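See structure below.
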Amino acid sequence: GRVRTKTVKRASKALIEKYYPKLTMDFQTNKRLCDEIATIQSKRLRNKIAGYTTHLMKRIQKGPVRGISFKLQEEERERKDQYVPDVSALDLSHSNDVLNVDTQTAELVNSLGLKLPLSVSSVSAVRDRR
Amino acid sequence: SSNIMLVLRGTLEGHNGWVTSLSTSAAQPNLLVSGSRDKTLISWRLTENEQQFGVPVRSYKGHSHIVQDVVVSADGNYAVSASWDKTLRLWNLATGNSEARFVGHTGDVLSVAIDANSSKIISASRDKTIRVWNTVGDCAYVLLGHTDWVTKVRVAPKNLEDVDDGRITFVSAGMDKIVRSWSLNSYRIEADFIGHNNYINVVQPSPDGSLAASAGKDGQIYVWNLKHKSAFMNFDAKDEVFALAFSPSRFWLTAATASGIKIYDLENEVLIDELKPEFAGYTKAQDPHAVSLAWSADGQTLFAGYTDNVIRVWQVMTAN
Amino acid sequence: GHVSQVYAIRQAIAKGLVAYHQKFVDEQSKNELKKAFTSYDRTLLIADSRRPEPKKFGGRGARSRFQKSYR
RNA sequence: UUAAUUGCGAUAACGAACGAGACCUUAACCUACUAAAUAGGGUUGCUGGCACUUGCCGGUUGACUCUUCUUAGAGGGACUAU
Ligand SMILES: [Mg+2]
Ligand SMILES: [Mg+2]
């Protein structure tokens with residue numbers, strides 16, 4: 001029945017989020033790091049904290065996990081977010097500069113007073129039986 | 001050019017923790033002292049008979065905690081062990097008993113260095129300090145200048161410096177993200193080296209003593225000149241380079257990446273070979289990486305101490 | 001007591017042999033002795049960890065209890 | 001899921017407090033440190049006996065030396081570690 005209650009989990013989360021570059025995969029090195037960079041009163045709690053910190057580090061190494069965040073992961077997320085394709089996904093770059101619309105939206109374009117390159121196609125009002 | 005292949009020839013089983021460090025003496029080529037996480041050193045006698053490349057000779061108990069760095073003496077009869085109990089131990093390689101117990105570091109010792117002759121012991125510890133001891137056991141100097149842990153200190157061998165100087169030059173590095181040079185007689189500072197993005201994990205001067213190779217977390221290996229005090233080159237390992245080692249014969253750098261062992265050919269500035277042993281029953285995400293590297297005296301065999309508690313030796317077998 | 005002393009002598013002799021072989025003989029001999037030993041009654045080199053449980057009030061034994069009346 | 005209102009979480013709930021846990025005592029493990037005629041051991045004395053080969057089992061508050069066990073301080077050690 002080892003569940004590692006609030007204190008160790010929160011402390012390890014903060015430890016990772018403030019000291020990821022210094023943390024390692026090894027339990028003993030992270031134990032010394034916990035001794036130096038954090039004032040854990042007892043030593044059993046220190047050991048539990050280092051153990052859960054190592055476990056969370058291993059999970060992070062496997063991949064990105066919920067809850068915890070740090071400078072490197074947030075910067076990588078922002079870099080992936082800033083991705084914008086140079087090629088266009090709109091304005092009829094595909095389908096040889098032709099968009100497929102039915103009659104109704106064609107009349108919409110017409111009555112709007114605008115002339116856009118359209119391509120009429122009936123929508124076969126028969127509906128699928130699903 | 002130099003179509004040199006290296007093949008694993010033996011496995012030195014017998015340790016019970018990660019083989020953290022290795023050492024070999026030039027005078028005695030068939031002896032290899034290895035320290036592990038099992039708080040014990042082991043002396044190995046190398047046999048050129050069959051599958052096993054060596055034979056354990058003596059286990060050196062007496063260390064309470066992790067044994068990090070191991071250094072053999074120049075003559076090949078004494079070995080200095082640095083452990084995680086804040087103490088250093090000098091061992092007779094034949095008797096098996098300890099001679100001296102160096103005490104004084106307030107943090108667990110991470111690395112130790114032997115003098116060029118048998119005069120001084122240089123030790124690096126987590127207490128941000130370096131200590132210079134006699135062979136008796138007392139501490140002669142307390143070198144400061146590092147604001148964080150010092151992980152590696154290995155002496156730059158004096159090759160042809162003028163004739164003779166009686167001056168002892170070495171390098172030091174750790175989590176201060178710097179590399180420092182030190183000169184001894186007196187016993188004061190020398191030039192600096194600031195190139196690492198992350199903190200330095202290990203440094204190792206070249207066998208001649210004019211090239212210093214440093215490595216860190218980001219896998220950014222730097223090569224510097226000490227007698228010229230300038231950068232020599234820079235590569236990226238793109239993994240966690242735990243340890244690195246020059247080679248006596250070839251102009252090479254072995255690097256213990258978190259994925260395998262790279263070898264960099266220095267003259268051509270291009271890596272040539274990669275070493276990844278074949279384990280069984282794993283998930284390819286936690287394969288046991290190398291933590292200790294040591295070439296033979298001639299430059300014919302390579303010893304790698306892994307986290308799987310095993311020493312593996314790659315013998316150089318040039319298949320034309 | 002008697003049998004506890006006997007097991008103590010067993011462990012003392014085995015550990016003395018192993019320690020002597022490690023100290024002055026050879027590594028291989030020591031590991032061979034350990035393989036011969038630990039493959040038989042692991043206690044031969046490892047001290048037993050089981051030891052008596054402190055007694056508690058309300059029970060004449062360390063874990064037993066008194067009888068209940070109930071009426 | 002946990003021994004646990006212990007956690008992972010989902011969420012008109014958000015942050016918190018007591019309890020549990022943490023924490024102390026005790027039981028381990030320390031041929032690593034400090035040491036000890038109010039604890040033990042070795043060598044050597046001075047002796048007893050038997051063996052006769054230099055060895056065995058003893059006695060002595062005679063000396064030198066050591067701390068493995070016995071002690072108790074600072075520490076290490078396990079955190080479900082791989
Ligand atoms: Mg009873
Ligand atoms: Mg003791």
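With the stretch B:36-83 as the region, which strands (runs of 3 or more DSSP E) entirely inside it contain at least 3 residues that are within 14 Å of chain C (Cβ to nearest Cβ) and within 18 Å of B:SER296 (Cα to Cα)? Step through it out loud before you land on a result.
Values: elements: B:41-46, B:54-60, B:67-72, B:78-83.
Per the criteria, B:41-46, B:54-60.
Filter the stretch A:7-38 down to the residues that are within 13 Å of chain B (Cβ to nearest Cβ) and of a type in the set (S, T, N, Q) and list them by number.
We begin by selecting, within the stretch A:7-38, every residue within 13 Å of chain B (Cβ to nearest Cβ); these are A:19-29, A:31-33, A:35-37.
Scanning the stretch A:7-38 gives A:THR24, A:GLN28, A:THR29.
So if I check each of C:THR43, C:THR38, which one is surrounded by 10 or more Cβ atoms within 10 Å (Cβ to Cβ) and farther than 27 Å from B:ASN97 by Cα?
Step by step, each of C:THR43, C:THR38 is checked, and only C:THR43 is surrounded by 10 or more Cβ atoms within 10 Å (Cβ to Cβ) and farther than 27 Å from B:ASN97 by Cα.
Among the residues of the stretch A:28-51, are any away from RNA strand D (no atom under 11 Å from the Cβ), closer than 19 Å to B:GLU240 by Cβ and in a loop (DSSP other than H, G, I, E, B)?
Within the stretch A:28-51, not a single residue is away from RNA strand D (no atom under 11 Å from the Cβ), closer than 19 Å to B:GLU240 by Cβ and in a loop (DSSP other than H, G, I, E, B).
What is the residue count in the stretch C:31-66 for residues that are within 14 Å of chain B (Cβ to nearest Cβ) and either within 11 Å of RNA strand D (Cβ to nearest atom) or among the β-branched types (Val, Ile, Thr) (or both)? Talk me through it step by step, then tell me what you get.
Step one: of the stretch C:31-66, the residues within 14 Å of chain B (Cβ to nearest Cβ) are C:31-35, C:38.
Remaining after also requiring either within 11 Å of RNA strand D (Cβ to nearest atom) or among the β-branched types (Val, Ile, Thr) (or both): C:38.
So the answer is 1.
The conditions are (1) buried (at least 19 other Cβ atoms within 10 Å of the Cβ); (2) closer than 25 Å to C:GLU32 by Cα, and B:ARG45 fails exactly one of them. Which is it?
It is condition (1) that B:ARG45 fails.
Sort out which residues of the stretch B:85-108 are in a strand (DSSP E or B), out of contact with any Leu (no Cβ under 6 Å at 6 or more places or on another chain) and buried (at least 18 other Cβ atoms within 10 Å of the Cβ), and write them in order of number. It would help to see each step written out before you state the result.
First pass over the stretch B:85-108, keeping only residues in a strand (DSSP E or B): B:87-92, B:98-103.
In the following step, the residues that additionally are out of contact with any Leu (no Cβ under 6 Å at 6 or more places or on another chain) were identified as B:87-92, B:98, B:101, B:103.
Correct list: B:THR87, B:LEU88, B:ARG89, B:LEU90, B:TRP91.
Failed condition for A:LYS80, given (1) closer than 20 Å to A:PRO21 by Cα; (2) outside any loop (DSSP other than H, G, I, E, B), with all others met?
Condition (1) is where A:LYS80 drops out.
Are any of the residues in the stretch C:5-23 among the polar types (S, T, N, Q) and either more than 13 Å from RNA strand D (Cβ to nearest atom) or loosely packed, with under 11 Cβ neighbours inside 10 Å (or both)? Walk me through it before giving the result.
Filtering the stretch C:5-23 for residues among the polar types (S, T, N, Q) gives C:5, C:11, C:22.
Filter again for either more than 13 Å from RNA strand D (Cβ to nearest atom) or loosely packed, with under 11 Cβ neighbours inside 10 Å (or both), leaving C:5.
Yes, the conditions are met somewhere in the stretch C:5-23.
Give the residues of the stretch B:289-320 that are loosely packed, with under 15 Cβ neighbours inside 10 Å and either touching an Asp or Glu at 6+ places or on another chain (Cβ under 8 Å) or not polar (S, T, N, Q) (or both), sorted by residue number. Outline the logic, then answer.
Narrowing the stretch B:289-320 to residues loosely packed, with under 15 Cβ neighbours inside 10 Å: B:298, B:317-320.
The answer is B:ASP298, B:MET317, B:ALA319.
Residues that are more than 24 Å from A:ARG32 (Cα to Cα), touching a strand residue (DSSP E or B) at 6+ places or on another chain (Cβ under 9 Å) and within 14 Å of chain A (Cβ to nearest Cβ), at least 2 per element: which strands (runs of 3 or more DSSP E) completely within the stretch B:130-205 meet that?
Working: elements: B:130-134, B:139-143, B:150-155, B:168-174, B:179-184, B:188-193, B:200-205.
Where strands (runs of 3 or more DSSP E) fall fully within the stretch B:130-205, none carries at least 2 residues being more than 24 Å from A:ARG32 (Cα to Cα), touching a strand residue (DSSP E or B) at 6+ places or on another chain (Cβ under 9 Å) and within 14 Å of chain A (Cβ to nearest Cβ).
Throughout, read-outs are computed from the coordinates displayed, never taken from laboratory work. FYI the Cβ positions are ideal-geometry reconstructions off the backbone, even for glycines, and counts take in every protein chain you see.
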